[PDB]
Amino acid sequence: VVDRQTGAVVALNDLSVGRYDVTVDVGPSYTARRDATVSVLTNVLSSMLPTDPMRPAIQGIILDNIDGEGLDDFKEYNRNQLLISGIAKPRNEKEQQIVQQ
Amino acid sequence: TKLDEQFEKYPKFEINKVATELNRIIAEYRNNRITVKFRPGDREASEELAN
Amino acid sequence: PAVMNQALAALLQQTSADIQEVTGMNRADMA
């Protein structure tokens, strides 16, 4: 239930599933998912006073999605800082048993 | 015209005034040049590939 | 006495304006 999946040798269309539970709407055109995430999180920001508690978490999540050249060390440091504060939800490969431990 | 058995030509002066805006556009482009950039995707190793 | 025809004054003013007009983000604005 935590994943929405379909699979077949050739796509099977079930006639009994019915309509989906989503709504069709229009919005800004983004080249990649990272741009959309950064834009929406930036829009969430700038509406919060400087003393809000969630601001560091929002800033870290925004910096997590940024892409660039030669930012490997900074990105790893930011990821570690998010992991040690319990937001990153480690993906069960090495940081759940090293960083979290 | 002949003008008493000659071929003196009409004077044809020019004052160019359509080049200023074209030069403005060209300078505006050359001030901020652009190129091709590769954006990563949703994979574990797209960052290094794009770099 | 001598007189000044209007055409000479018109050419004087027009050429004086046109020389300056022809001969010339903020750095981009600079000629």
# chains A, B, ... in the order shown; residues from 1 in each chain; ligands from 1
>>> residues_around(residues="residue 51 (chain B)", least_positions_apart="5", cutoff="10 Å", atoms="only C-alpha atoms", output="PyMOL selection string")
(chain A and resi 67-70) or (chain B and resi 37-40+46)
>>> write_last_selection(atoms="C-alpha atoms", output="PDB file, in the first residue's frame")
ATOM      1  CA  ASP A  67      22.286  19.795  -8.318  1.00  0.00           C
ATOM      2  CA  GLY A  68      25.641  21.208  -9.348  1.00  0.00           C
ATOM      3  CA  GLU A  69      29.275  20.529 -10.123  1.00  0.00           C
ATOM      4  CA  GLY A  70      31.849  19.655  -7.480  1.00  0.00           C
TER       5      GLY A  70
ATOM      6  CA  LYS B  37      23.829  21.823 -19.185  1.00  0.00           C
ATOM      7  CA  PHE B  38      23.001  18.235 -18.232  1.00  0.00           C
ATOM      8  CA  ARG B  39      20.460  17.649 -15.474  1.00  0.00           C
ATOM      9  CA  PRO B  40      20.585  14.490 -13.338  1.00  0.00           C
ATOM     10  CA  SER B  46      23.169  10.077 -12.038  1.00  0.00           C
TER      11      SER B  46
END
>>> residues_around(residues="residue 39 (chain A)", least_positions_apart="5", cutoff="10 Å", atoms="only C-alpha atoms", output="MDAnalysis selection string")
chainID A and resid 28 30 33:34 44:45 62
>>> residues_around(residues="residue 42 (chain A)", least_positions_apart="5", cutoff="10 Å", atoms="only C-alpha atoms", output="short mmCIF file (atom, residue, chain, number, x, y, z; two decimals) with N, CA and C atoms, in the first residue's frame")
data_model
loop_
_atom_site.label_atom_id
_atom_site.label_comp_id
_atom_site.auth_asym_id
_atom_site.auth_seq_id
_atom_site.Cartn_x
_atom_site.Cartn_y
_atom_site.Cartn_z
N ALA A 36 10.94 21.37 -9.59
CA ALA A 36 9.63 21.49 -8.98
C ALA A 36 9.72 21.45 -7.46
N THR A 37 10.51 20.52 -6.93
CA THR A 37 10.65 20.41 -5.48
C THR A 37 11.27 21.67 -4.89
N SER A 47 7.54 32.67 3.82
CA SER A 47 6.29 32.92 4.53
C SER A 47 6.42 32.64 6.01
N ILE A 58 13.70 22.75 6.70
CA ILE A 58 13.32 23.11 5.34
C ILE A 58 14.55 23.45 4.52
N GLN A 59 15.48 24.21 5.11
CA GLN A 59 16.69 24.59 4.39
C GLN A 59 17.52 23.37 4.02
N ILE A 62 15.84 21.52 1.16
CA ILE A 62 16.04 22.24 -0.10
C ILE A 62 17.44 21.98 -0.63
#
>>> atom_distance(atom1="CA of residue 55 (chain A)", atom2="CA of residue 78 (chain A)")
14.6 Å
>>> select_by_dssp(residues="chain C", states="helix (DSSP H, G or I)", output="JSON, numbers by chain")
{"C": [6, 7, 8, 9, 10, 11, 12, 13, 14, 15, 16, 17, 18, 19, 20, 21, 22, 26, 27, 28, 29]}
>>> interface_residues(of="chain B", to="chain C", cutoff="12 Å", atoms="only C-alpha atoms", output="compact mmCIF listing (two decimals) with N, CA, C and O atoms, in the first residue's frame")
# COMPACT_ATOMS: atom_id res chain seq x y z
N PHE B 13 22.75 60.23 -50.38
CA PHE B 13 23.25 60.18 -49.01
C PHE B 13 22.54 59.09 -48.23
O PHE B 13 21.41 58.69 -48.55
N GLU B 14 23.21 58.60 -47.19
CA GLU B 14 22.66 57.56 -46.33
C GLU B 14 22.92 57.93 -44.87
O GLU B 14 23.99 58.45 -44.54
N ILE B 15 21.94 57.68 -44.02
CA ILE B 15 22.06 57.88 -42.58
C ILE B 15 21.53 56.61 -41.93
O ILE B 15 20.32 56.41 -41.81
N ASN B 16 22.44 55.73 -41.51
CA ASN B 16 22.04 54.45 -40.96
C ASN B 16 21.48 54.64 -39.55
O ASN B 16 22.14 55.23 -38.69
N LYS B 17 20.27 54.15 -39.31
CA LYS B 17 19.62 54.26 -38.01
C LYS B 17 18.97 52.97 -37.55
O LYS B 17 18.36 52.96 -36.47
N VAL B 18 19.06 51.88 -38.32
CA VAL B 18 18.47 50.61 -37.92
C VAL B 18 19.49 49.66 -37.31
O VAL B 18 19.16 48.50 -37.04
N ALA B 19 20.72 50.12 -37.08
CA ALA B 19 21.76 49.28 -36.52
C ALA B 19 21.90 49.39 -35.01
O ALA B 19 22.48 48.50 -34.39
N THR B 20 21.37 50.46 -34.41
CA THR B 20 21.55 50.67 -32.97
C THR B 20 20.84 49.58 -32.16
O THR B 20 21.42 49.01 -31.24
N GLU B 21 19.59 49.28 -32.50
CA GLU B 21 18.85 48.27 -31.76
C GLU B 21 19.41 46.88 -32.00
O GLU B 21 19.43 46.04 -31.10
N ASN B 23 22.60 46.22 -32.58
CA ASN B 23 23.79 46.16 -31.75
C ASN B 23 23.43 45.99 -30.28
O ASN B 23 24.12 45.30 -29.54
N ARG B 24 22.34 46.63 -29.85
CA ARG B 24 21.87 46.45 -28.48
C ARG B 24 21.51 45.00 -28.21
O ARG B 24 21.89 44.44 -27.18
N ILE B 25 20.79 44.36 -29.14
CA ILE B 25 20.43 42.96 -28.97
C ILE B 25 21.67 42.08 -28.93
O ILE B 25 21.79 41.17 -28.09
N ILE B 26 22.61 42.33 -29.84
CA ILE B 26 23.82 41.51 -29.90
C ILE B 26 24.63 41.65 -28.61
O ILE B 26 25.13 40.66 -28.06
N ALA B 27 24.78 42.88 -28.12
CA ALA B 27 25.50 43.10 -26.87
C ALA B 27 24.78 42.47 -25.69
O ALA B 27 25.42 41.92 -24.79
N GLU B 28 23.45 42.53 -25.69
CA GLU B 28 22.68 41.90 -24.62
C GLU B 28 22.92 40.40 -24.59
O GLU B 28 23.04 39.80 -23.52
N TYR B 29 22.98 39.77 -25.77
CA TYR B 29 23.29 38.35 -25.80
C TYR B 29 24.71 38.08 -25.33
O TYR B 29 24.94 37.23 -24.46
N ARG B 30 25.69 38.79 -25.89
CA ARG B 30 27.09 38.52 -25.58
C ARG B 30 27.44 38.82 -24.13
O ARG B 30 28.44 38.31 -23.63
N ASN B 31 26.64 39.65 -23.46
CA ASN B 31 26.90 39.91 -22.04
C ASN B 31 26.62 38.69 -21.19
O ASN B 31 27.32 38.45 -20.20
N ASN B 32 25.61 37.90 -21.55
CA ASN B 32 25.23 36.70 -20.80
C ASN B 32 25.15 35.54 -21.79
O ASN B 32 24.08 35.24 -22.32
>>> residues_around(residues="residue 41 (chain B)", least_positions_apart="4", cutoff="12 Å", atoms="only C-alpha atoms", output="list in words")
residues 31, 32, 33, 34, 35, 65, 66 and 67 of chain A; 45, 46, 47, 48, 49 and 50 of chain B
>>> closest_residue(among="A:21, A:64, A:52, A:72", to="chain B", atoms="only C-alpha atoms")
A:72
>>> decode(residues="chain B", atoms="C-alpha atoms", output="CSV table (one decimal), in the first residue's frame")
chain,number,residue,atom,x,y,z
B,1,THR,CA,20.0,62.2,-66.5
B,2,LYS,CA,21.6,63.7,-69.6
B,3,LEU,CA,21.8,67.3,-68.1
B,4,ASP,CA,23.1,68.9,-71.3
B,5,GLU,CA,25.0,65.9,-72.7
B,6,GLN,CA,26.5,64.4,-69.6
B,7,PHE,CA,25.6,61.7,-67.1
B,8,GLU,CA,25.9,63.5,-63.7
B,9,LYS,CA,24.2,61.2,-61.1
B,10,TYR,CA,21.7,61.9,-58.4
B,11,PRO,CA,23.3,62.5,-54.9
B,12,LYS,CA,22.5,59.5,-52.7
B,13,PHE,CA,23.2,60.2,-49.0
B,14,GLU,CA,22.7,57.6,-46.3
B,15,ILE,CA,22.1,57.9,-42.6
B,16,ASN,CA,22.0,54.4,-41.0
B,17,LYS,CA,19.6,54.3,-38.0
B,18,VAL,CA,18.5,50.6,-37.9
B,19,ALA,CA,21.8,49.3,-36.5
B,20,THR,CA,21.5,50.7,-33.0
B,21,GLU,CA,18.9,48.3,-31.8
B,22,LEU,CA,20.5,45.3,-33.5
B,23,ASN,CA,23.8,46.2,-31.8
B,24,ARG,CA,21.9,46.5,-28.5
B,25,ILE,CA,20.4,43.0,-29.0
B,26,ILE,CA,23.8,41.5,-29.9
B,27,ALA,CA,25.5,43.1,-26.9
B,28,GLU,CA,22.7,41.9,-24.6
B,29,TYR,CA,23.3,38.3,-25.8
B,30,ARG,CA,27.1,38.5,-25.6
B,31,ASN,CA,26.9,39.9,-22.0
B,32,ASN,CA,25.2,36.7,-20.8
B,33,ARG,CA,26.3,33.7,-22.9
B,34,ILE,CA,24.6,30.4,-22.5
B,35,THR,CA,25.5,26.7,-23.2
B,36,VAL,CA,24.3,23.2,-22.7
B,37,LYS,CA,23.8,21.8,-19.2
B,38,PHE,CA,23.0,18.2,-18.2
B,39,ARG,CA,20.5,17.6,-15.5
B,40,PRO,CA,20.6,14.5,-13.3
B,41,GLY,CA,17.7,12.2,-12.7
B,42,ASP,CA,16.3,9.9,-10.0
B,43,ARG,CA,19.0,7.3,-9.8
B,44,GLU,CA,21.8,6.4,-7.4
B,45,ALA,CA,24.6,7.4,-9.8
B,46,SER,CA,23.2,10.1,-12.0
B,47,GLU,CA,25.2,12.8,-10.4
B,48,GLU,CA,28.6,11.4,-11.5
B,49,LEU,CA,27.3,10.6,-14.9
B,50,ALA,CA,26.0,14.2,-15.5
B,51,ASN,CA,29.3,15.6,-14.1
